[PDB]
Number of protein chains: 2
Amino acid sequence: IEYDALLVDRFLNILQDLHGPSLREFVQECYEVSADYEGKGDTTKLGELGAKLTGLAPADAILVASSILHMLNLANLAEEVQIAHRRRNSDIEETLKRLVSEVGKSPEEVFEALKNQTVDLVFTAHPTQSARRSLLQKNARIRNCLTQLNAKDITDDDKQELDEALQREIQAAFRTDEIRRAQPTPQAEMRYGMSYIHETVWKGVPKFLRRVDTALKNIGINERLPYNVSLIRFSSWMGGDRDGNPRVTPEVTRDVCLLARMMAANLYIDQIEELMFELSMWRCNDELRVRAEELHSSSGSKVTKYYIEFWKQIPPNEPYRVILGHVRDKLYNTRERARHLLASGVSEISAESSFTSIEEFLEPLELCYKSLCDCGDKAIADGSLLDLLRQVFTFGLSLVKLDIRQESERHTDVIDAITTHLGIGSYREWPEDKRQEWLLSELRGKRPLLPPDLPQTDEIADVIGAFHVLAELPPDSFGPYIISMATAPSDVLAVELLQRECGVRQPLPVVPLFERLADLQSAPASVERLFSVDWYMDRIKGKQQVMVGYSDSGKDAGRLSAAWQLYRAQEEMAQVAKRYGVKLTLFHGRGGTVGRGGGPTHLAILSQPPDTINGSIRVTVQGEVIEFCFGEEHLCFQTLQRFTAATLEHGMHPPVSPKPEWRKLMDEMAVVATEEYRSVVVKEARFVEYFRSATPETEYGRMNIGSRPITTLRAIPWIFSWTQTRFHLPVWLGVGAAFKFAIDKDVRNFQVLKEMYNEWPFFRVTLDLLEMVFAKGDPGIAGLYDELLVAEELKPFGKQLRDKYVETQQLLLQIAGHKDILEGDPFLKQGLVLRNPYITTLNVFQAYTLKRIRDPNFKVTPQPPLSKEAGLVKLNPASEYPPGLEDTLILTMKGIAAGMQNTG
Amino acid sequence: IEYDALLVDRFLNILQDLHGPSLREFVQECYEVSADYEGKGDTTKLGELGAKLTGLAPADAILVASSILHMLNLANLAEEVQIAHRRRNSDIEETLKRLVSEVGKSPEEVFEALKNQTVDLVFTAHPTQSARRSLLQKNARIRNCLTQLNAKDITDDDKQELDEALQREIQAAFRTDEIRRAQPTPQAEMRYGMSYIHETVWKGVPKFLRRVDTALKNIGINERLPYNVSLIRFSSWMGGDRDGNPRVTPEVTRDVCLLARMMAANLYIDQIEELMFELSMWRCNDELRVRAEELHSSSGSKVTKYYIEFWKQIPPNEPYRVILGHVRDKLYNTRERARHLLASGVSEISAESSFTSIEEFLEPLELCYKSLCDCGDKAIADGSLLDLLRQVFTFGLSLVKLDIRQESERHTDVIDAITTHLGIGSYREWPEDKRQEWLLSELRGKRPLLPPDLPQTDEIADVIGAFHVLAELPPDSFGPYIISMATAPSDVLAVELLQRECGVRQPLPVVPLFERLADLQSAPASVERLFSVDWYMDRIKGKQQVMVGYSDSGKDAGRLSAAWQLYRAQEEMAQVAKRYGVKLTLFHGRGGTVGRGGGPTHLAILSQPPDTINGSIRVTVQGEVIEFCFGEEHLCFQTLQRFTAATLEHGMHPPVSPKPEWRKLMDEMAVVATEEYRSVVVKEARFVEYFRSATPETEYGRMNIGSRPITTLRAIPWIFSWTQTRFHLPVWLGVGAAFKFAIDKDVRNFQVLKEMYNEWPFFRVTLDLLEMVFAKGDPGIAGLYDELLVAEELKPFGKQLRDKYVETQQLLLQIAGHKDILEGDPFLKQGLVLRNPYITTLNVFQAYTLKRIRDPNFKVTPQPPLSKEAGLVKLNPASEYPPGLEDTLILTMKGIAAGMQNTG
């Protein structure tokens, strides 16, 4: 609550210096009026505030909007810092002690479990990130300045300077345009998510483990965690996922996957280069002695004058510096090899001259470790050496594995053209049992099918291309090959074919994507049918993985229905696997907002059926969230902490399995929910009309968050639209009726709901999330958009919804036993209280802007300029909307999303 | 005394945890014992240790030697922390206040003077760094872990993980052979001293400067210190100084001056890259709008796939990023250019393709700074953009300038031979008057001289070739050409010629190096003569530099004499200059030890004739001192602080000019101090034998410190010798007599001696330095080497010096009015008490070790190996001296060197 006033005060001043009191006063007022609204709760303020803003001139409007955006951002920044300081002044050491003590588990059990556990976090570039790298940068700088600013040992002059620092970064950020003017490229996006790896996660992982070691010893286990074990791994979709996005061509993958390999190569060099300086021992293994001597006579060259450190030949007097040096040289060709490959077509540098596999890079390293531990000096080995070893297992030769995605109907096109051409029918019109026949005969065969004279097609080729590249690059640089909207088992085979048929060394594994409601239901079906194919079941080798999507599930049905459906689905799927003895691991397509399956990490894991993780899980970090989770130091350390602590516990101390009673009621409710949902968003004709009216869903594409070039469509904008209007329709629409039903059915059921909310994790967490949403909603604000945009005829329709909101919230609070929303979290409300008034301003602002943009005959009374006098307006060359209107709008969305902490 | 134990304690725990509880104890005992002598004086106990020590197995002798070495080392580490942590609770701001407040100066007068001040700190690689470069890395590591381990906001886990690291690091340095086996190379030496630049000084400079900006504000001036103004500058000798060192071929010169530019260009990139992410405003100069418009308009729309950031074309909406990006590329070439010129022979990268002059590089950067200013974002410009500008004006493209040093005679060798080969006789035999006449006319001629067919010694080449390398390399990468042993005006005119006769664009400026007493006295004349030759005066352009040695200077003549002479030297020289209106600046060849003109920065600059410094001053940093003065960041900041402060005062608050009485008496004691001096080193053949008899001089080389191979000895080895044996004979020799004499010549002089040590800065510092010297010398250890290595013959001669020593020390304390030594510095004495007992033990282990070499028939009763065991000793294959002696001797030196915190 302190830093808040600090960052804000600072900003307000800069504002005044750059633009003069007049304007600083305006922003100052807006807050006041919004306050009276958020405080006394009198709706007259919103209308008054509206008069204040509709008068502003283009430049002032763009400024005013921008001003609130920055203040809001700052708020979030202050909050992070405050959270960090507090909580230091959850934790594995905790969960271990708790598991061993309370739950009582042999430390060996823990240790083992820990060893056999792996949480793969895959970053994805879903258009969920609003801020641009430019501002995200200034932020990390302000965070850092704000921290050192609270240093309890900095002199006077010291502080004085740090302050000046904080201010100019604030001003610099204020001075840059936050409206990304062009759509990013797939390569640019990968360069974004990558920034975190070589800036916070790279040197983070090793530290995280050091703590996981300290913890282990604190529980008795006087043994560090083996460096080969990898508790957490990072994968990426930036460059691999090409579903619905034509811009991710097969070359884009070569480039991004090559560039990433160069970065790793580069990082490790700094590692080794120094490591050499540290391992200056001479007492070595009988084994290392040999290995070293050989490299001594083999090199013989020392003329490397361009080497800053360790230029002339290293004497065998320093055994490790010898091997390390070698490893380094090979590392340079690996970096340069890639450079050329990227720059020109090829490289003079030979394949054998560089590292092409992880084993090739480990053998030398591992050697030093053994040598050290053997010749005594183990501790010296457990130092920087142990850290590097861990990095290699976590990051490997290409910072992160790359997944691949593509809707199967594309694979059908390819396979169909191949059959048509060869004169053997239309694979398309083939019955599933027929396709499985042909496809299985082929997989068993030995004779090539891919005809060289095959008639290509931009897409029929774009897909073959992808596969080829998969063959070019190493086997390790890739993750699984996901098949969007793929149903029948033939769909998984058609890919198994193309992989080998397009020549692929170690064909990557195939994993289906069950997201649409329907697919999630018939999910355990296709799953079993697939384990019934001998060939497959045989090449699979026990290990199997399937991806479950959280976004579209509740888009076509309720949130409640979907939430339960995904539970059931991954619940059964876990048996259809257990029955066929396959280690099925689930890939969770969790978003940023609760509406798309998001929410606190430990809670989300706890809400998953018992016995369906067992130390193996993949989870998506959608764009925006990457910032949230690994933006800072401590932040990253928490995300890693959180994930492994939850996954570990969910295994050795599973959640409760739903009582038969609950299941029945749950299944029954889910129906009511979906019937309630589809009834209004689907069955109601004029709904969509009302939808594209009371919300800025239409203007979503203007922000330019991604590189993807209507009722039945898109989900990110869907969630977004109501998050802006602060209504959250989608997140709760079902729940209203689902509850009233279980009660109107039998009065005693109410006591059941209360029973569930108190004993069933899935259910408590599900409700607990909806409370947070309601805590960020405001039917008042929703009404304003209605009144201003929604037509007269359907005006009353809005009110109905407005009522369902309230009704659902009461029911929600009763079941939970809360007399007040977020009655549980006091600080979470404190924050809101400070924020809300700023958000409410941007709301009213957005509301009237849309009003002006849509109704060109909406008269307004223009006020006199405020800022000291525009090119600020000329920043948007050709705009379809009049003057400041566009930029202003993009700004409001930018900020409202900021204050809310969520884009979509 | 805090870490003083913390560190030592863990060392032992590791020591016994690695070699057996016995060795830990033995080492303990040897201190326990030696602690008694230092606290008693009965040299009787000493003999005991000697017996035991020599009776240790070769392997154990090493271990026991290294232990006391690594221990003593630690003491120096814990002491560096004990100072920071306690000081963190001299200063320019202070000095600026004291000047405007107390001295009554105009804040504008102080600012102005600060803009015209400059302090060139010249790093050199003298064989003074008796520390392994591989060991230094680990010391820094330790210091860092010691500081952090003593924070307050760290947790228990944090503390345990840190203390854990701090040990594995101490164990790392121990498990590493501290004796360098292969002698260094000129390239390896420039590399050692260079690390400090990019590892500390590169970032340090901008910081120190901002602070100065802060100070200037904290006293009035609300304007920053212009970025083009450089308070400090960095220069090197490493690769340019070839005096006395043959191994520095003219190739090594281009070699290092090339590598340096590759590093400079390199560092600049990391900076510029970063600053590209910062400056992201869209507002700019009409000038910059135009400029950036062109760059974007041209240079295609190319993408650089191997570029991590800003790979694609930059939009012109980011003016600053356009220009800066172009600077980055220009930078990448420059970095690649030199990279090639080193490794291969030439480069494809064009001349225009990269940066050649600082102007090319500045022009753009300055364009931005002014653009940001004009457009209101001065506060933004003063951020990272200023720091870079400050670096550019301080490091240039070379990073550090290079001085070239060659003995005067070596230039005669050439000129003499190019006359002998031509018609006219011999230069060498010509009278000085002749030399000037000829050389002058020759310099005014138009017809060549240097004959093609001229024969060439392996020496006449090494000098003429060097002159060619200077022709090739760029003018900005060179300092002056320093003529060691400068004597007469011809000496300068000879290089003035040779230079033009070997073809040089910008003939480096030539500067005399008056180092022998003889030349010092005559110096003022020479300097005036050179100002007399119209030709020279015209090429001088008003400025003039002249170095003055301390090392060899105090060699021929006693310390006192030399010290006084040097004063008069610069005293008159200044007057001469002043007479001809020449901005004479002096280059100070200050050593590391008091014997080579060492001591506290401020004290030193203080003890210099008033009105000789003012504008500028150059100072050397002899190898060992570099680690000192720039080892840590806090060290660097303070060093910069010290110089600029001291230097600023000496200008506005000059010291007192000696009183005629003082002058006279000084001159007198001067001759008396040399008399007693040379009389024992020159006018005595019995001496030379005692030297090689009592001090381990002939062992200096066994350390492979630098690459450089009676009066035939250098300064360093000289002092090194008497410093190990704790006698420091060369530093106090003359003094004793100078005093006694003036005490007899008259009694009123005792009151005049005291009267001087109170009011005259120079006379004070000199004695104060001495007191420290004596504060380290112990005649006990002095004579111990007699009864062990001194010939029974001149055994008394030794005891005769013993009495002069003690007589001198006594009289000193009398003049200073002190009871004890360092009486006025409880900290230091407290340090000797805890450190000495260790140094002693090493002296004991050294005096006997020298005998086990000098006297083969020395019977010593062996003992059982204390450690748990061969290969240790077999680390030195080809060694003349028996088993563990070769190594133990070098070790005992290295160890004592650390104890005394000085070598040469």
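Just so it is clear, chain B uses Swiss-Prot numbers, and the residues here are 35-123, 141-760, 769-928, 936-970, in order.
Note: Cβ is positioned from N, Cα and C throughout, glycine not excepted.
Record features (Swiss-Prot):
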- B:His177: active site (ACT_SITE)
- B:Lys606: active site (ACT_SITE)
- B:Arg647: active site (ACT_SITE)
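Distribution of Swiss-Prot features across the structure.
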{"residue": "B:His177", "record": "active site", "CB count, 10 Å": "28"}
{"residue": "B:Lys606", "record": "active site", "CB count, 10 Å": "24"}
{"residue": "B:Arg647", "record": "active site", "CB count, 10 Å": "29"}
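A distance of 12 Å separates the Cα atom of B:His177 (active site) from that of B:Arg647 (active site). Reported as a whole number, the C-alpha separation between B:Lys606 (active site) and B:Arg647 (active site) equals 9 Å. In the three-state DSSP classification, B:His177 (active site) falls within coil.
DSSP assigns B:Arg647 (active site) to a helix in the three-state reduction.
In the three-state DSSP scheme, B:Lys606 (active site) is classed as helix.
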